Amino acid sequence: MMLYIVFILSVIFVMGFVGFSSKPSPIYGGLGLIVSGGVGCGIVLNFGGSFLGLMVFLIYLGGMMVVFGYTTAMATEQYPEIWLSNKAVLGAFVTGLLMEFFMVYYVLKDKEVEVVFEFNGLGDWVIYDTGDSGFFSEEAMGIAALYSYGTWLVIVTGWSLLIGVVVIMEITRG
Amino acid sequence: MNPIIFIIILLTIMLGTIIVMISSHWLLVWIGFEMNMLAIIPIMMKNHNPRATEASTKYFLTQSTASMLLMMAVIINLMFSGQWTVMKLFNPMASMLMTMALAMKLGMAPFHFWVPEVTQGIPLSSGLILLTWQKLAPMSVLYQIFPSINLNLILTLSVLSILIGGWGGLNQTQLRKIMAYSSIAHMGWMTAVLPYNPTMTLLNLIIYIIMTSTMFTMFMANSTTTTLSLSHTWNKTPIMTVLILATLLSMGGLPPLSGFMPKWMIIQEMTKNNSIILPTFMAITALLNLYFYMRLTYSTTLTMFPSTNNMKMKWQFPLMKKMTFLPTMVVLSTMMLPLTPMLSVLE
Amino acid sequence: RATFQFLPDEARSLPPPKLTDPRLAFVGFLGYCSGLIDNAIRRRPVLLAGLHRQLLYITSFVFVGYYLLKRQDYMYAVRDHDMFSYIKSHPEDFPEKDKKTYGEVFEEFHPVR
Amino acid sequence: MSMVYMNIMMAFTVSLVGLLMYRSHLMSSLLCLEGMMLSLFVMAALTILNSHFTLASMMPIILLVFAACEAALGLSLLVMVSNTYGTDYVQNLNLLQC
Amino acid sequence: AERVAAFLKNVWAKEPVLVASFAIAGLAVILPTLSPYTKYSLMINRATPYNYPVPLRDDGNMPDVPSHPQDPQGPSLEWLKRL
Amino acid sequence: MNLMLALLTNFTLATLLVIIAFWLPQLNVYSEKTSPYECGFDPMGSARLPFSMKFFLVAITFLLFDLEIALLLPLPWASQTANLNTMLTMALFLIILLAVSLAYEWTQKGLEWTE
Amino acid sequence: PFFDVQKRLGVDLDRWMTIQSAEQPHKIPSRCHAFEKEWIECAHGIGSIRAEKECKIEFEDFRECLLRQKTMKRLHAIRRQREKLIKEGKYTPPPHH
Amino acid sequence: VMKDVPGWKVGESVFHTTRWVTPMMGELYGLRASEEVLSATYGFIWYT
Amino acid sequence: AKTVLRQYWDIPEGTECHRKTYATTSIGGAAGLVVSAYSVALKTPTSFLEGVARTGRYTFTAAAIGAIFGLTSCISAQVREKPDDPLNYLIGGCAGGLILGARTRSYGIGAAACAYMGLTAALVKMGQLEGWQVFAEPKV
Amino acid sequence: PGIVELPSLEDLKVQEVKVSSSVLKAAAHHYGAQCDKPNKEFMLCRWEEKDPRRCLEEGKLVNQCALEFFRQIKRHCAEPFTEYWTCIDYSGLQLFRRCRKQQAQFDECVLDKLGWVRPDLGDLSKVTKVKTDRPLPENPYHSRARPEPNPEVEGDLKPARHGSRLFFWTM
Ligand SMILES: CCCCCCCCCCCCCCCCCC(=O)OC[C@H](COP(=O)([O-])OCC[N+](C)(C)C)OC(=O)CCCCCCCCCCCCCCCCC
Ligand SMILES: CCCCCCCCCCCCCCCCCC(=O)OC[C@H](COP(=O)(O)OCCN)OC(=O)CCCCCCCCCCCCCCCCC
Ligand SMILES: CCCCCCCCCCCCCCCCCC(=O)OC[C@H](COP(=O)(O)OCCN)OC(=O)CCCCCCCCCCCCCCCCC
Ligand SMILES: CCCCCCCCCCCCCCCCCC(=O)OC[C@H](COP(=O)(O)OCCN)OC(=O)CCCCCCCCCCCCCCCCC
Ligand SMILES: CCCCCCCCCCCCO[C@@H]1O[C@H](CO)[C@@H](O[C@H]2O[C@H](CO)[C@@H](O)[C@H](O)[C@H]2O)[C@H](O)[C@H]1O
Ligand SMILES: CCCCCCCCCCCCO[C@@H]1O[C@H](CO)[C@@H](O[C@H]2O[C@H](CO)[C@@H](O)[C@H](O)[C@H]2O)[C@H](O)[C@H]1O
Ligand SMILES: CCCCCCCCCCCCO[C@@H]1O[C@H](CO)[C@@H](O[C@H]2O[C@H](CO)[C@@H](O)[C@H](O)[C@H]2O)[C@H](O)[C@H]1O
Ligand SMILES: CCCCCCCCCCCCO[C@@H]1O[C@H](CO)[C@@H](O[C@H]2O[C@H](CO)[C@@H](O)[C@H](O)[C@H]2O)[C@H](O)[C@H]1O
Ligand SMILES: N=C(N)NC(=N)NCCc1ccc(I)c(Cl)c1
């Protein structure tokens, strides 16, 4: 059962996506996105990406906090909608959950499934690498190379972030 | 906007497009589109009114959606080929997503609804960039991925664009919306010939940009954005009505004007591949473009519409607008046909 | 041939366009028309005003046009060179036919009555 | 493919349908855009980590950087929409029909 | 110099925090070029063996490659021990 | 497995304390007791009404700056490279551009809250 | 690239990260390094039209390494046969399994 | 296990090349108790 | 569409007319559904019921045009004993155009549709006979 | 596509060096000095062949030299060595720096009873050369024959015949 940990997290990942894609109040949509960010961090961690997993969680936690502030200012109503309060929201929520439940039930029944495209269902562990014993984290080595190989990437991202500040100032100065 | 800020933002618009055009890596192509999208939004909002706010919002939502589909295609391509080189894609589902994403960015039908509205909602100067410079990056990507593009998909997009562009322009009185529907139609010719001869796609793109720039510059010179305000031009700058007439006839593809050259060469390349029905259908459908170009010439140059008394006060001042490159552009827009064999420079 | 080069070095084995090339004269005429349109839109005496400006219109059109024609001529030379080299490499795809005279070839006659 | 890819590709599709089926709040749809970026980050990260494509490990980081620029741009326009109309409803943005 | 010196004494009075920031950032940008120990940073980073040193096939003509790790030939770290 | 167990125990312990808190005490629920608090007088309007954010521009700038730290956090690892000439230049370039971006927003009055 | 300024100028802006078999930090190899190297060298210079048929064997091996689709199909069969035999009682695993 | 299966050829490669290919986890631990499979796949990540 | 199109062209003219009407009706119904989906999405119905009413009205109209065409063109081929003649598609095409005028209650749309549906259908048979390509494959 | 040729279980049989990592780490610096030759011959084999099945015999000699190396420690410096690797074993990180006194006792024992000198900092990370008879493999990747290149286009570049030849143009 623990061997399916990545699959179980990916099921919760989708459930969080159905949470905010059905579009209740953005307060609850933010909560759905935070759950998916956490389990998504859990998924990437189980493939050897501790830094990537933690970083995406860290980034989305800051992002959804700003979304929370903007929600209370610019996207609120007298009766914010939970999933059960609106027929359209509830229908999308249940439709997504049922589709997910069926894909999970069948892929775990046949150890395989065909939902448009063929997916094996033997447990995600089968594809893992077998032979490693280096004295370093390969993901850390690749990320650190941003500053020696990715000079060009540094320039365009650095410039884009600077222009971003300039641009938002222009856009929001009516 | 501070003049230095405006220049820096314009250079970032160009840098984003140039990044797309020099990149051998899909990630840098996607970065270039994002950088380009970032810098154009402030140009759309530069006048700060509810219509510009709506225009920019509709543009951001469409472009940001297309970028997600583009990045999805790149990641699928990575899974099925293990590399990022900008070239043919190695998965047909990745090819569909990238093609739909580029069609969205180009505003090709049936992804076209944003082009008439966004162009109408922004200034003429910003619309000029939107309908000319912004076509370069998506076109340059199509130019490289076309071997893996689904032939039925791209020709379906091209045909729908020519029909919807032609029909849509018939009902317009606003100049910016007329240019927007014209752009949709011309995009169809560009991508119709892409599977057969991508060189003819570039010629059509280059000639379209020249003619479109010429029209927007002449509209800017008189600060005209409606059919009726453009009908006063005869009672102010008669020379401008003649230049508008010549360009509009050229854009309609009439010989012996330049705008006939791309249609001529695209028909040639299509007939060489035993494509007879499609080029005939495209040429006949393009008569809708000529119809509403001709209406403009009627109300602008070939008749004299009623004017107003206050117009006499305009006679006493000269045109002060820069009108940069306009003398060259209008000549190239109209008098290039004798030099058609020059298209080999684009090979 | 050479990557992102306007005029590859192999193009110098071709003769340059003559400065009396009829296409270059037409390009120069376009520069002249651009000069006149420049005067007209600014309500200056069309023929006479700003002859230095008109000269630069003609000269700049001719200058750019000379290099475009040089590249145009080069690209058609490359097309011919590629096509003939391919014909040499695949003779069986381009067989030389046996030519028959009309005395031997039967053509149907369709009367116009 | 491995079964994880089924759920991540499903997540991207759910968010894509979420983005394409607007309700009223513009912020609800901006959330779907951030969700689309989250699924791409996870799907990209898994492929790169599994294949030991060492240099590609930085690619997901770069994706998040431009996800934030997109998010900041989306919120800036939401502020201006909110100021104009008093709500972030998307049905107020219909002036450009004519 | 007076205008800049008068400008310095002014920002010390008004914005000492920003004076320290620019002073600190300046030393970051400048001192690495003036330091004599900067070269050792690359040498130390280069001398750290994260990878196995795959041996070369003795073709019979590489006199500067050691046969044994304790042979004289090859790079040495005596410079590092005295650091 | 140790990490998952530790998390489960922490939140199980917190949940149990909340269960005790709700099922141990004697309740006496009535309307006035559970009404919203506003210093003894009834609230005017819903608490769900829009609450203007005067630091909205700093909040958006936080998103961009928050992402810069994700670019900078790998710096301890990048310092282990042999290519230190490039790494130091690029490392300083990123921080300087962040400082320039802060300076711009500062000088253009972007850090001042709306009045 | 549409304009190959990288080739003309001799500057490597992004082609260092295009393939998993290019130089990596500390010479860490990708899992499919050899397969990518074999396909890349087979198809080099001959163009995609020829490479799509003359390097099909190499590309198929590379694709199998990337996604392991055929390997899991094989392991699925063996695992399905084993679970069938066990319940029927026909098979007993060896002590070391 | 595959003795009775009609078309099976035991030990057959999925690769055309005869070069040695490093096995993936499913091949190496294909028929082993989950406890050792769990240790070999997630043991390092889950260790404290 | 590719499979439903092959079915039609894979069953010879005049042989198994009922099967032919199944294929053309299936094509017409699919076209009507596509038109309904875009119509309902871009011009929201006043109520859920009205959206269903508009869909069923377009899908039936489109299926009726497909049914009358595939039947009449097959009957003409059978009766005339000429399975290769474009004229059969002209008669079938015009009949479909007439039904469109019927479902619309407008002799003018009926007349115009008969002419252009009839000619378009006749052109389709000619292209099938002669191998005309609409989306021609790149070759040179 | 062909069956994978695996050695039989009776070709993989070698006597194993059944000691713990703390034991290996304590002796590693002297082990690297003493067993360099078979060890560097196995690693040249593995990197050249890219196949574990092509290097089994070389790998077996690595095991034998290792057992011989540890037998020498057992016969002479058993007690100073046990104290040393017991100290290393206590550390959670197996740190050398915590056991310099026990390391000194071990080092002077093997230096006296065996003339073993500990390699200096940097020695064991050198790239060395090794002599061997085994020939360099010809086609280690088992590469097929590469496709033939497209024929080269060469000759004198001449003006296009009658110009562009586009429709009516005479130039
Ligand atoms: C940081 C963690 C700290 C946690 C500290 C936990 C508290 C430790 C001290 C426990 C002392 C015993 C609790 C007595 C307080 C009860 C509240 C009270 O005063 O009510 C008066 C009431 C008086 O009721 P009454 O019948 O006389 O009248 C009340 C009704 N009217 C108003 C109409 C008159 O006492 C009781 O009803 C029951 C007393 C039971 C005493 C045994 C306690 C059992 C608790 C189990 C409850 C079942 C639910 C599970 C809850 C979780 C179990 C842990
Ligand atoms: C060379 C090979 C390639 C072949 C392609 C075709 C080449 C021609 C390309 C044309 C490009 C546009 C340049 C045309 C120059 C027009 C010159 C002109 O219009 O005369 C100037 C005059 C302006 O008037 P104004 O400045 O006020 O002077 C006092 C008189 N009122 O103008 C006026 O006063 C006119 C005002 C009344 C409007 C009359 C409109 C009808 C006449 C239109 C003639 C021009 C049509 C050009 C279209 C192409 C023709 C083939
Ligand atoms: C454009 C003039 C015709 C105006 C009517 C427009 C008709 C429709 C236009 C559509 C295109 C059709 C053009 C047909 C000509 C192109 C075919 C052709 O002739 O190609 C060759 C041509 C040179 O012709 P060639 O036979 O070599 O004669 C040499 C004489 N020394 O080389 C060329 O291709 C370029 C020739 C273009 C023809 C005009 C250029 C001739 C030189 C006149 C320039 C003006 C000089 C005076 C300047 C006055 C300044 C105040
Ligand atoms: C050997 C040369 C043969 C001519 C070849 C013509 C080929 C077409 C070239 C189009 C470009 C024309 C020049 C641009 C228009 C400038 C002239 C103008 O706009 O107004 C007329 C103007 C006189 O009016 P004004 O403004 O008061 O200036 C006083 C100057 N004395 O200026 C004048 O005094 C007269 C200037 C010439 C008038 C040009 C009229 C426009 C003709 C357009 C018709 C289309 C061309 C014919 C189509 C076949 C093309 C070969
Ligand atoms: C809040 C909503 C939460 C939603 C969470 C969704 C979870 C998704 C379902 C995951 C369940 C997977 O179920 C997993 O399947 C495999 C099937 O081999 C089982 O693994 C099995 O291996 C061998 C098979 O011979 C058996 O001897 C063993 O008894 C059994 O464990 C796991 O014991 C089981 O845990
Ligand atoms: C808005 C844009 C702002 C752009 C700001 C850019 C700031 C760049 C300031 C220069 C920083 C680097 O300065 C430079 O650092 C490297 C080390 O990294 C030094 O390099 C020196 O030490 C390294 C090892 O560390 C050796 O490999 C090298 O041979 C030696 O020259 C240089 O002697 C020094 O000149
Ligand atoms: C590379 C990292 C180290 C370098 C430090 C990078 C950050 C540099 C920030 C520079 C800020 C300069 O621009 C800043 O603009 C405002 C104008 O609104 C100035 O002036 C204003 O702010 C200050 C403090 O808020 C007030 O005392 C003053 O009354 C007001 O006029 C600031 O005194 C000045 O500091
Ligand atoms: C308002 C006017 C709008 C534009 C009208 C344009 C008319 C175009 C007419 C259709 C062109 C030909 O259309 C298409 O031709 C090809 C042959 O090449 C046929 O192709 C068919 O050939 C074989 C047998 O011949 C069939 O078994 C097979 O199902 C199919 O491939 C198609 O069945 C036909 O649909
Ligand atoms: N039709 C294509 N897609 N390719 C293409 N242009 N083929 C034609 C070949 C050609 C034509 C002109 C030149 I000048 C050169 Cl050098 C080569």
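Residues numbered from 1 in each chain as written, not as in the entry; some residues may be left out. Chains lettered and ligands numbered in written order. Part of a larger assembly, values for the part shown. Heavy atoms only, no water.

Structure determination for the deposited model, as stated in its record, used cryo-EM, and the stated resolution is 2.3 Å.

**Side note on the overall build of chain H**
Tallying secondary structure elements over chain H gives two helices and zero strands in all. For chain H, the computed accessible surface area is about 3,000 Å², with 57% contributed by carbon and sulfur atoms. (Helix = DSSP H or I, 4+ residues; strand = E, 2+ residues; numbered from the N terminus. Areas by Shrake-Rupley, 256 points an atom, 1.4 Å probe, with all protein chains shown as cover.)

**Let's talk about the overall build of chain A**
Looking only at helices and strands, one finds six helices and two strands in chain A. Reading the helices (α) and strands (β) of chain A from amino to carboxyl end gives α-α-α-α-β-β-α-α. The globule rule puts the C-alpha radius of gyration for 174 residues at 16 Å, and the 21 Å found for chain A is more than 25% above it. Looking at the 174 residues of chain A, the share that counts as buried comes to 60%. Contacts spanning at least 24 positions in sequence make up 63% of the contacts within chain A whose residues lie at least 6 apart. Element-wise, carbon and sulfur atoms account for 72% of the exposed surface of chain A, whose accessible area totals about 6,700 Å². Side-chain charges of chain A comprise 5 positive and 13 negative groups, with the mean position of each set lying 13 Å from the other. (Rg over C-alpha atoms; globule rule 2.2 N^0.38 Å. Buried < 20%, exposed > 50% of the residue type's maximum accessible area, 1.4 Å probe, protein only. Contact = heavy atoms within 4.5 Å. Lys, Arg positive; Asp, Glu negative; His and termini not counted. Charge placed at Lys NZ, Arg CZ, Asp CG, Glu CD.)

**What about the environment of G:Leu85?**
Here G:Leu85 is to be found in helix α5 (residues 69-88). With a relative accessible area of 11%, G:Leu85 lands in the buried category. Other than its neighbours up to four places away in sequence, G:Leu85 contacts G:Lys90, G:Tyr91 and H:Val1.

**Quick word on the interface of chain D and chain B**
For an interface, size is often stated in terms of accessible area lost upon the parts coming together. On the chain B side, the residues contacting the 39 residues of chain D number 35 residues. Here chain D meets chain B over a buried area of about 3,300 Å², counting both sides, of which 82% is carbon and sulfur. The three residues of chain D that bury the most area against chain B are D:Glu70, D:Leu77 and D:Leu96, which together make up 22% of that side's buried surface. Taken together, chain D and chain B are joined by zero salt bridges. For the interface between chain D and chain B, the tally reads four residue pairs in polar contact. Looking at the side of chain D that touches chain B, the elements that each hand over two or more residues are α1 (3-20), α2 (26-51) and α3 (59-85) of chain D. Top contributing element to the side of chain D that touches chain B by residue count: α3(D), with 13 residues. Of the residues belonging to the side of chain D that touches chain B, the class tally is 33 nonpolar, five polar and one charged. (Buried area = accessible area lost by both parts, 1.4 Å probe. Salt bridge = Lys/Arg side-chain N within 4 Å of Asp/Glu carboxyl O. Polar contact = N/O pair within 3.5 Å; in protein donor to acceptor, adjacent residues only side chain to side chain. Nonpolar A, V, L, I, M, F, W, Y, C, P; charged D, E, K, R; others polar.)

**Some points on the pattern of salt bridges**
Here the structure, examined in full by the defined rule, presents 40 salt bridges over all chains. The shortest N-O distance in the salt bridge between C:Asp38 and C:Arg42 comes to 2.6 Å. C:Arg42 gets classed as partly exposed once you look at its relative accessible area, which sits at 31%. Among the ionic pairs, I:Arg80 bridges to I:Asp85, the shortest N-O distance being 3.1 Å. Here the residues in one salt-bridge network are E:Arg57, J:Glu48, J:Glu49, J:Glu58 and J:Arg134, joined through shared partners.

**Looking at the nonpolar core**
Soluble globular proteins tend to bury their nonpolar side chains together. Ranked by internal contacts, the top residues of the largest apolar core, which has 296 residues, are A:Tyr70, A:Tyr147, A:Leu153, B:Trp26, B:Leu27 and D:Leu40. Looking at which element gives the most residues to this core, the answer is α2(D), with 18 residues. Discounting residues that sit within four places of it in the chain, A:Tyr147 has contacts with F:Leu71, F:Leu72, F:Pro74, F:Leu75, F:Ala78, F:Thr86, F:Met87, F:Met90, F:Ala91 and F:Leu94. Judged by nonpolar contacts, the second largest core, of 17 residues, contains J:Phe69, J:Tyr84, J:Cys99 and J:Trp116. (Core = buried A, V, L, I, M, F, W, Y, C linked by side-chain atoms within 4.5 Å.)

**Focus on the site of ligand 7**
Residues in contact with ligand 7, as listed here, are E:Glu15, E:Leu18, E:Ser21, E:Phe22, E:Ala25, F:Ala99, F:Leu102, F:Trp106 and F:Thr107. Positioned at a junction of chains, ligand 7 has nearby residues supplied by chains E and F. Expressed as a share of its isolated accessible area of 770 Å², the protein-covered part of ligand 7 is 56%. Taken together, the elements giving at least two residues each to the shell around ligand 7 come down to α2 (16-34) of chain E together with α5 (84-107) of chain F. (Near = heavy atom within 4 Å.)

**Considerations on the UniProt feature "transmembrane region" in chain A**
Residues and elements named next belong to chain A. The positions that UniProt labels "transmembrane region" are, in the present scheme, residues 1-21, 25-45, 47-67, 88-108 and 149-169. The span residues 25-45 is 95% helix and 0% strand, and its two end C-alpha atoms sit 30 Å from each other. Measuring from the first to the last C-alpha atom of residues 149-169 gives 33 Å, for a span that is 90% helix and 0% strand. (UniProt positions renumbered as here; feature names shortened; annotations may be inferred.)

**Section: the packing of aromatic side chains**
For the structure shown, the criterion picks out 45 aromatic pairs over all chains. Summarising the aromatic geometry, the rings of A:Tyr149 and G:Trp16 are spaced 5.9 Å apart at their centres and angled 45° between planes, so their arrangement reads as tilted. Pair noted here: A:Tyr149 is in the loop between α5 (138-144) and α6 (151-171) and G:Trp16 is in the loop between α1 (5-9) and α2 (33-43), and the two residues belong to different chains. Classification of A:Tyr149 as partly exposed rests on a relative accessible area of 25%. Judged by relative accessible area, which is 10%, G:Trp16 ranks as buried. Grouping aromatic residues by their ring pairs yields a cluster made of B:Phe260, B:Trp264, J:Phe167, J:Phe168 and J:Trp169. Just above the ring of J:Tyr141 sits the side chain of G:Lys37; from NZ or CZ to the centre is 3.5 Å. (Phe/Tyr/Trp six-rings, centres within 6.5 Å; stacked < 30°, edge-to-face > 60°. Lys NZ or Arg CZ within 6 Å of the ring centre and 35° of its normal.)

**What about the packing of α6(A) against α3(D)?**
With their axes 10 Å apart at the nearest point, α6(A) and α3(D) run at an angle of 10° to one another. Classed by the angle they form, the pair α6(A) and α3(D) counts as roughly parallel. Facing α6(A), whose interface residues are A:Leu153, A:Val156, A:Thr157, A:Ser160, A:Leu161, A:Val167, A:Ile168 and A:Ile171, α3(D) presents D:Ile62, D:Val65, D:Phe66, D:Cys69, D:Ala72, D:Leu73, D:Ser76, D:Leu77 and D:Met80. Looking at the contact of α6(A) with α3(D) residue by residue, the class counts come to 14 nonpolar, three polar and no charged. (Axes fitted to C-alpha atoms, helices over the stretch in contact; angles between N-to-C directions. Parallel < 35°, antiparallel > 145°, perpendicular 65-115°, else oblique.)

**As for the interface of chain D and chain A**
Contacts between the two partners involve 58 residues from chain D, matched on the other side by 78 residues from chain A. Both faces considered, chain D and chain A share a buried interface measuring about 5,600 Å² in area, 78% of it formed by carbon and sulfur atoms. Summed over the three residues of chain D that lose the most area to chain A, namely D:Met3, D:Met6 and D:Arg23, the buried surface amounts to 14% of that side. Viewed at the interface, chain A and chain D are joined by one salt bridge. With a closest N to O distance of 2.9 Å, A:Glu81 and D:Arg23 form a salt bridge. Across the contact surface, chain D and chain A share 15 residue pairs in polar contact. Only α1, α2 and α3 of chain D provide two or more residues apiece to the side of chain D that touches chain A. With 17 residues, α2(D) is the single largest residue contributor to the side of chain D that touches chain A.

**Looking at the site of ligand 5**
Close to ligand 5 lie A:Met1, A:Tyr4, A:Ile8, A:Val11, A:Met15, A:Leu108 and G:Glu83, which account for all nearby residues. Bordering ligand 5 are residues originating from chains A and G. One of the side-chain nitrogen or oxygen atoms of G:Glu83 is found 3.0 Å away from an oxygen atom of ligand 5. Starting from 780 Å² of accessible surface for ligand 5 in isolation, the protein chains cover 46%.

**Overview of helix α16 (residues 326-334) of chain B**
Counting buried positions along α16(B) gives seven out of nine residues, so the element sits mostly inside the fold. Listed as buried for α16(B) are B:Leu326, B:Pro327, B:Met329, B:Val330, B:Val331, B:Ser333 and B:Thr334.

**So, the pairing of strand β1 (residues 112-115) of chain A**
All names here are of chain A. Note that β1 and strand β2 (residues 117-120) share four bridges and pair antiparallel. Bridge assignment links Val 113 to a residue of β2, and that residue is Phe 119. Between β1 and β2, which pair antiparallel in sequence order, lie one residue; one of them, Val 116, sits at a positive phi of approximately 75°. (Pairing = 2+ DSSP bridges.)

**Here we look at the state of the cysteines**
All names here are of chain I. The final tally for this structure, using the stated rule, is four disulfides over all chains. One disulfide in the model links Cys 94 with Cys 114; its S-S distance is 2.0 Å. Its torsion about the S-S bond being -95°, the disulfide of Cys 94 and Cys 114 is classed as left-handed. One end of the pair, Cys 94, is in helix α4 (residues 86-104); the other, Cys 114, is in helix α5 (residues 107-130), and 20 residues separate them in sequence. (Disulfide = S-S within 2.5 Å.)

**A short note on the side chain of F:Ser101**
For F:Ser101, the location among the structural elements is in helix α5. Setting aside residues up to four positions removed in sequence, F:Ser101 forms contacts with A:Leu162, A:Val165 and F:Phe65.

**Digging into the side chain of J:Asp51**
For J:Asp51, the location among the structural elements is in the loop between α2 (36-49) and α3 (56-76). Ignoring any residue separated from it by four or fewer positions in sequence, one finds J:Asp51 in contact with H:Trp20 and J:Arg46.

**What about the arrangement of the chains?**
The chain pair with the greatest number of contacts, out of 23 pairs of chains in contact, is formed by chains A and D. With respect to C-alpha atoms, chain F approaches chain G no nearer than 9 Å, and the pair has no contact. Taking C-alpha atoms only, the smallest gap left between chain G and chain I, which are not in contact, amounts to 13 Å.

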